[PDB]
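Taking it in order: structure first as structure tokens, then the write-up.
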Amino acid sequence: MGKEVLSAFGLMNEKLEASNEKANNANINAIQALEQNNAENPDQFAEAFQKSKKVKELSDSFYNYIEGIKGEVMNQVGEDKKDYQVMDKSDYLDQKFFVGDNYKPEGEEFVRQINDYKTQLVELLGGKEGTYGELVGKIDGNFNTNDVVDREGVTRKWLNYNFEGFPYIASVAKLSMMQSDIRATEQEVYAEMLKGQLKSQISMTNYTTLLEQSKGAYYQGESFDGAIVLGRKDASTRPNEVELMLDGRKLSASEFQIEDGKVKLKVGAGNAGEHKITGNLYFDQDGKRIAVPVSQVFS
Amino acid sequence: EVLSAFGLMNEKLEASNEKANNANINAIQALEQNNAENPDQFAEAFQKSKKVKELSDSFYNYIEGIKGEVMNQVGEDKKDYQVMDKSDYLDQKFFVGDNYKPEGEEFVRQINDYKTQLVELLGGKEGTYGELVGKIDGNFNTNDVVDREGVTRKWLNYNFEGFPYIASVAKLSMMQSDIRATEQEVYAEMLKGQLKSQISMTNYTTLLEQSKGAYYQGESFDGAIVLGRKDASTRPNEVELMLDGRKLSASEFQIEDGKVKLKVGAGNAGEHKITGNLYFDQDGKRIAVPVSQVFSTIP
């Protein structure tokens, strides 16, 4: 029997497990970033956060199921782990998965778990349609349980073809790449969700033109000077904190006169004559507080 | 029995490769479109994306050529995987005795050049993109590694010693998959970086507006505060300004795209209505920011 055979499978599995650990770290980082984004402006990142969380928990449940099968077969072979020429039995799995030419309930459970993952994921995204459906194609191609036809014409059963008669390390590698598929689908899904949100924020559908002339007191026919600037209108924007100093008095009576109902910062403050308004709008973006200065005047 | 699992893994990897590659092509196309719409913004992102596209496609084509060379020797058909078991030509062609032949060393050099310039392109192990750099290094590395025994194996050997032709093919397919996955992660990171630069509140200043303004006296104040966009790199593609029916604001004249504002300084003979449309190309679509304001001048 080929000594180098099933050693190749071991190298597959080692590379795949290392990559999967790195991918899980990156995915957890991305989820933490999303939760931080939901912390400030929850309105913008809400749906993104919940759908990403659902993907996270589905992916984790499914990954843990696969990993349980992997640990099962690891116990099956024995304590020798980095030795691979030993995982050659092709016995425990089939008798753990099928009855003669029929599925065992747990094998049925395994396949229906796969199908459940796919269908809930795609229905979360909006199946085969809507925004980013090519991702649905990717997931379908990755987890597809449709019975395949062999080159010899037999429509072999999906689990039977995928798993029967194979060395324990072989199905171990199969499951490792299934896990890698789950991690890749995660990484991609968080990518699309956050990207779609960002594009929903950058869209100049969110803006509105304004006039920012130095002074409105334009005398008799003198040459004009002014500008057009894209004032923000998207109500989803919300200054996380506001400090709004008046003419050196009554720093921002809290929502007594300021109202961020719309992104129009309606200030219903009082007055006595000439006035200036100063302060800072604190936006907690991506884990950093940024102060946007305010220095304006009013009669 | 005959380990067709290698063949199945290879075929799935290849199908995933076309799907991922189509996605990558589309992603770069979208970057190209955005760069066409707004070159100053997506300029660096598009340049880095096209450099990594060149590098990735060169590397992918090299590996694909090696894979094709291998699948030449297999025979007339390309699915009878049990036939693909000789493992006698490829091992011959990479190396003689211990030392690499001057093509295997070229292969490893290609891998290492790819990783080196890719990392140096993505900043580096430090700065941003660090986790992605870790993924690249872990996926692509030829540091000589030690087997079960405490003895060091050369990378090309340990990965490509007498392994069945289909096994080597599947390993190379995994390498291709890593290249494509790295492509998509890289493009996503570059785009996310650009967007998050665009949504940064460091891009804004604060303006106000009211119905009339002055009140000569202390009565009240129904003002509002807005986030004017002061990003230099954002600019309309089309600027149609039929202010009050007279002309297109002398397009060469006062309307100035030099900064984000449109530094209008037009004529003055009374109260003036400025009206028109701002046309921003965004992901293809022609978004239309209407402009409709009044500035009054005594004539």
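Residues in the range A:1-53 that are among the aliphatic types (A, V, I, L, M) and away from chain B (no Cβ under 11 Å): A:31, A:34, A:39, A:46, A:48.
Considering the range A:53-65 alone, what residues qualify as being of a type outside the set (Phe, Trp, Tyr), within 17 Å of residue A:176 (Cβ to Cβ) and crowded, with 18+ Cβ neighbours inside 10 Å? I'd like the intermediate steps shown before the answer.
In the first step, residues of the range A:53-65 are kept if they are of a type outside the set (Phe, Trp, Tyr); the result is A:53-61, A:64.
Keeping just the survivors that are within 17 Å of residue A:176 (Cβ to Cβ) gives A:59-60, A:64.
Result: A:59, single match.
Taken over the range A:140-153, the criterion of being at the interface with chain B (Cβ under 10 Å from one of its Cβ atoms) and either β-branched (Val, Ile, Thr) or not in a loop (DSSP other than H, G, I, E, B) (or both) is satisfied by A:140, A:141, A:142, A:148. A single member of B:184, B:176, B:198 is touching a residue at least 60 places away in the same chain (Cβ under 8 Å), in contact with a helix residue (DSSP H, G or I) (Cβ under 7 Å, 6 or more places away or on another chain) and within 24 Å of residue A:237 (Cα to Cα), and it is B:198. Out of the residues in the range B:67-92 that are among the acidic types (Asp, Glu), surrounded by 12 or more Cβ atoms within 10 Å (Cβ to Cβ) and out of contact with any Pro (no Cβ under 7 Å at 6 or more places or on another chain), which is nearest to residue A:151 (Cα to Cα)? My answer is B:80.
Could you say which residue among B:241, B:208 is touching a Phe, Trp or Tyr at 6+ places or on another chain (Cβ under 9 Å), surrounded by 15 or more Cβ atoms within 10 Å (Cβ to Cβ) and of a type in the set (A, V, I, L, M, F, W, C)?
Details: B:241 fails: touching a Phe, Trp or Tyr at 6+ places or on another chain (Cβ under 9 Å).
Checking each option against the conditions leaves just B:208.
If you scan the range B:89-117, which residues turn out to be of a type in the set (A, V, I, L, M, F, W, C) and over 21 Å from residue B:152 (Cα atoms)?
The first filter runs over the range B:89-117 and keeps only residues of a type in the set (A, V, I, L, M, F, W, C), leaving B:90, B:94-96, B:107-108, B:111.
Correct list: B:90 only.
A single member of B:259, B:247, B:230, B:212 is more than 7 Å from chain A (Cβ to nearest Cβ), more than 27 Å from residue A:264 (Cβ to Cβ) and not hydroxyl-bearing (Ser, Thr, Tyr), and it is B:247. Residues of the range B:206-234 being in contact with a helix residue (DSSP H, G or I) (Cβ under 7 Å, 6 or more places away or on another chain) and either in the same structural domain as residue B:45 (by TED's automatic domain parsing) or small (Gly, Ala, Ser) (or both), which ones? Answer for the range B:206-234, where residues must be in contact with a helix residue (DSSP H, G or I) (Cβ under 7 Å, 6 or more places away or on another chain) and either in the same structural domain as residue B:45 (by TED's automatic domain parsing) or small (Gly, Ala, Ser) (or both): just B:233. Could you grab me the full set of residues in the range A:2-41 that are at negative phi, touching a residue at least 24 places away in the same chain (Cβ under 8 Å) and not in a helix (DSSP H, G or I)? Within the range A:2-41, A:3, A:40 meet the criteria. In the range A:215-227, the residue that is farthest from the other protein chains (Cβ to nearest Cβ) out of those that are within 48 Å of the chain's Cα centre (by Cα) and among the charged types (D, E, K, R) is A:215.
If you go through the range A:187-216 one residue at a time, how many are of a type outside the set (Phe, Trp, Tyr) and within 19 Å of residue B:207 (Cβ to Cβ)? Spell out the reasoning first.
Within the range A:187-216, the subset of a type outside the set (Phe, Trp, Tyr) is A:187-189, A:191-206, A:208-216.
Adding the requirement that they be within 19 Å of residue B:207 (Cβ to Cβ) leaves A:204, A:206, A:208-216.
So the count comes out to 11.
Scoring residue B:266 on the criteria (1) among the small types (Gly, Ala, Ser); (2) within 12 Å of residue A:209 (Cβ to Cβ); (3) buried (at least 17 other Cβ atoms within 10 Å of the Cβ) leaves a single failure, condition (2). So, residue A:109, is that one part of a helix (DSSP H, G or I), farther than 22 Å from residue B:12 by Cα and charged (D, E, K, R) or not? Considered against the rule, which asks whether it is part of a helix (DSSP H, G or I), farther than 22 Å from residue B:12 by Cα and charged (D, E, K, R), residue A:109 comes out as yes. Scanning the range A:65-84 for residues that are facing chain B (nearest Cβ under 10 Å), in contact with a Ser or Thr (Cβ under 9 Å, 6 or more places away or on another chain), of a type outside the set (S, T, N, Q) and not in a helix (DSSP H, G or I) turns up at least one hit. Among the residues of the range A:145-154, is there at least one that is out of contact with any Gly (no Cβ under 7 Å at 6 or more places or on another chain), assigned by TED's automatic domain parsing to the domain that holds residue A:19 and surrounded by 18 or more Cβ atoms within 10 Å (Cβ to Cβ)? No: zero hits. Looking across the range A:268-299, just one residue is on the phi > 0 side of the Ramachandran plot and outside any loop (DSSP other than H, G, I, E, B), and that is A:279.
Could you check the range A:98-112 and list, in sequence order, the residues that are within 33 Å of the chain's Cα centre (by Cα) and surrounded by 15 or more Cβ atoms within 10 Å (Cβ to Cβ)? Of everything in the range A:98-112, those that are within 33 Å of the chain's Cα centre (by Cα) and surrounded by 15 or more Cβ atoms within 10 Å (Cβ to Cβ) turn out to be A:107, A:110, A:111.
Across the range B:262-282, the qualifying residues are those that are of a type outside the set (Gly, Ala, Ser) and at the interface with chain A (Cβ under 7 Å from one of its Cβ atoms), and the one among them that is nearest to the chain's Cα centre (by Cα) is B:282. Right, residue A:44: in a helix (DSSP H, G or I) and over 25 Å from residue A:188 (Cα atoms) or not? Taking the combined requirement at face value, the residue does not satisfy it.
Please go through the range B:141-173 and pick out each residue that is of a type in the set (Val, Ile, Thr) and touching a residue at least 60 places away in the same chain (Cβ under 8 Å). Matches in the range B:141-173: B:166, B:169.
FYI the Cβ positions are ideal-geometry reconstructions off the backbone, even for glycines, and counts take in every protein chain you see. The values are calculated or read from the model by the stated rules, or taken from the named source; no laboratory read-out is quoted.
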